[PDB]
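One protein chain, two forms: both are listed below as structure tokens, the first as structure 1 and the second as structure 2.
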Structure 1
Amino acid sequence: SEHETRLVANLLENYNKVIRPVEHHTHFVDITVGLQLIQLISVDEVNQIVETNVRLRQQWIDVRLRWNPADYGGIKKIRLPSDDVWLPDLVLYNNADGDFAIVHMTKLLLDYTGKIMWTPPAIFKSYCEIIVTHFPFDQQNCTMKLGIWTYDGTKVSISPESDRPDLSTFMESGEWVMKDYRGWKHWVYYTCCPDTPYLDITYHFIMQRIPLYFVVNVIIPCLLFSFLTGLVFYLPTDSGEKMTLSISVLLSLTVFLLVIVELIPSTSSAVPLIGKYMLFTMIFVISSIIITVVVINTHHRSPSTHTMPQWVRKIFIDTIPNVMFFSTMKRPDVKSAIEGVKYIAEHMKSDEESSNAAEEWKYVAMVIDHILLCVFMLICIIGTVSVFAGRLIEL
């Protein structure tokens, strides 16, 4: 366009982009700042950084860039490079891994009244204080704090477009749910500098994690092994395989502990409930191994060296087996030949007595296993019901 060529030549012929767009140095530039969230790229819980794809809409008036439409063939709007005009130096205060300011100098829209709209894109990698205490049923609240860097509130003023960031074209995450989003403007006064207020706009988003992936991939196998933990008490000692089962459960839990500790950040501000519950399950398994070692020792107790104490006999044979209703427990040379038969009969009697005492020991071990099985099943079911305030079983 010839008219637009002449107009662009006239607009920038004596225009200094270093100078603020005010008619008097006393006045301030009024900038309307709107944040549009396009996509939540990631939430890095370990590194505590949230990456978002945004557009930073900024509107202000530049009276040096106005013209009469009748003098230019009726042109009312033109597109100008953002590098040609004065721009606000809007900086993300809580930047963690990206750029502080806008780096994609896209074109801007200029009206004949001097009104400018500029909506550059950005990838904001902001710091996010991750609250890993209800993982993976946690909700996150972390923000993006925007402000003019080198100008105070008396030189450049920023105001939000609306109370909330724009999520009209937001792309659904699949890992997080936007519960709430809001934008608050703040006036900050420092004791150094009473006459200069410092403006700031903070946008915050409430993210609710969708827990299905972590549930299926982590929690269910942990629950499976935790439930198999108490099954060692139904395994008879004569099988000689209790240690195999118990230790295998322990090894699986230590592998899953490795997985969990590589899942979450290493901050000690709050103890994750998943880590605490995993430690509790490990204590559970260790106590199970200890008490099943005690049971194995009791089962193989030799009657020759150990005699059953009377209290043990009373407790584990006279009163407890009656309690369990659901169990199926039970509650010349002819002389030499003569003394040979004598000896055989006497040895069989001694063998019978020793076997009876050994069977008493085995019965005591069996009763201990039944008590432990009932207790451990009850504990496991109560525990699995009461985790994450029951949100696991509710899911």
Structure 2
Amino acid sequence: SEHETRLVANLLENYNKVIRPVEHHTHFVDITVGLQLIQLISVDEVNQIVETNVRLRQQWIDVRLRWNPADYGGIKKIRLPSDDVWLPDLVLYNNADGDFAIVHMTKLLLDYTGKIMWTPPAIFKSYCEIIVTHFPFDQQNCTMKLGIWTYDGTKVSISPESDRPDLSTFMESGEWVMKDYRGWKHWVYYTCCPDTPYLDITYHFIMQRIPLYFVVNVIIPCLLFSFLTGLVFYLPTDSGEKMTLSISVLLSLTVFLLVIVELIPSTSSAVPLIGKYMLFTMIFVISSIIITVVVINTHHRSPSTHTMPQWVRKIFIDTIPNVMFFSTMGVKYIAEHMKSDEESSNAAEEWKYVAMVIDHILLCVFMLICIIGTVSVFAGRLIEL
């Protein structure tokens, strides 16, 4: 268009992009800043970073760029490269990866009254400290702090477009749900510049993790192995394979501990409930193994070198009525030897019986302990309401 060509030539003739668009240097530029979250790209928990795709819409009035539409053939809006006009320098304060400011520099809409409407895209890889206490049933509240860097509040003023960031076109995360989101404006005084307040806007998001993936992939096998640890007591010590089951479950829990450690950050601010549950389960397994070795030793305890004390006989013969289950409530030398053999066999059967009674008691108490422990560990956060 010849009219638009003349208009662009006229506007960008004595225009200096270095200087602020104020008429008098005493005044300030009020930039209306809104952030819209197109997509939550990722939440890296180990590195405590959130990658978000955003559009950083911002509007401000530049007096030097106004014109009369009737002169230039009734043109009321044009589009200009952002490199040709003065741009506010928004910087993401909290930042881990990527640049601090906008780097794409897309074109901007210029209204005939000087109303610039620059909406550039960005990917904010912003640091944000995650609370790993309730894992994986946690909600992460964390923010993006955008502020004008080299200008104080008396020369460049930033103002939020709305109380909340725009999520009209926000893609569903598939891993988090946005419980809440809000932007707040702060006048902060820094040690650099104590006499002038710098303005910033912090947009904070609450993201509640959907735990279905982590539950199925981690928690269910751990519960299964805890149940197997509880079960190991019902196995008869005569068959063997008891230590086999115990050590197999211990190795499985060690592997799952490694897997969980690879997931959560190494911070010590708060111990995760998943970590303390792993520790509880491992202590449970160790106690089961120790008392299992005790039971095995008592079962194979020699009936000759170990005389059965009276107190164990009393306790583990009168305990059975208290428990309601399926348990029971030359010509002469050969005869002498086999009589002694059968007497020793019965004495060993007494030790086998007390070992079986201990096994039943341990089975009951360990099933109860497993159920109570898992309920106490998980129902604290599972009951959100």
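Here, residue number means position along structure 1's sequence, counting from 1. We call the rigid core whatever largest set of C-alpha positions still superposes within 1.5 Å between the two forms. Only residues modelled in both forms are compared.
Superpose on the rigid core and name the single residue from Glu262, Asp318, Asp163, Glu172 whose Cα moves by 2 angstroms or more between structure 1 and structure 2.
Looking at each option in turn, only one qualifies, and it is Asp318.
Residue shift check between structure 1 and structure 2, rigid core fit, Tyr189 Cα at least 2 Å:
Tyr189: C-alpha displaced by 2 Å or more between structure 1 and structure 2.
Answer yes if the Cα of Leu11 shifts by 2 angstroms or more between structure 1 and structure 2 on a rigid-core superposition, and no otherwise.
No; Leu11 is a residue whose C-alpha shifts by less than 2 Å between structure 1 and structure 2 when the cores are overlaid.
Taking the rigid core as the superposition reference, indicate whether the CA of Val387 shifts 2 angstroms or more between structure 1 and structure 2.
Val387: C-alpha displaced by 2 Å or more between structure 1 and structure 2.
Supposing the core is put in the same place in both forms, how far has the CA of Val216 shifted between structure 1 and structure 2, in Å?
On core superposition, this C-alpha lies 0.2 Å from its counterpart.
Would you look up how far the C-alpha of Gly230 moves between structure 1 and structure 2 when the rigid core is overlaid, in angstrom?
So the C-alpha of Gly230 has moved 1.2 Å between structure 1 and structure 2.
Do any runs of 3 or more residues shift their CA by 2 Å or more between structure 1 and structure 2 on a core fit, and if so, which ones, in sequence order?
Segments displaced between structure 1 and structure 2 after core fit: 189-195, 318-329, 384-395.
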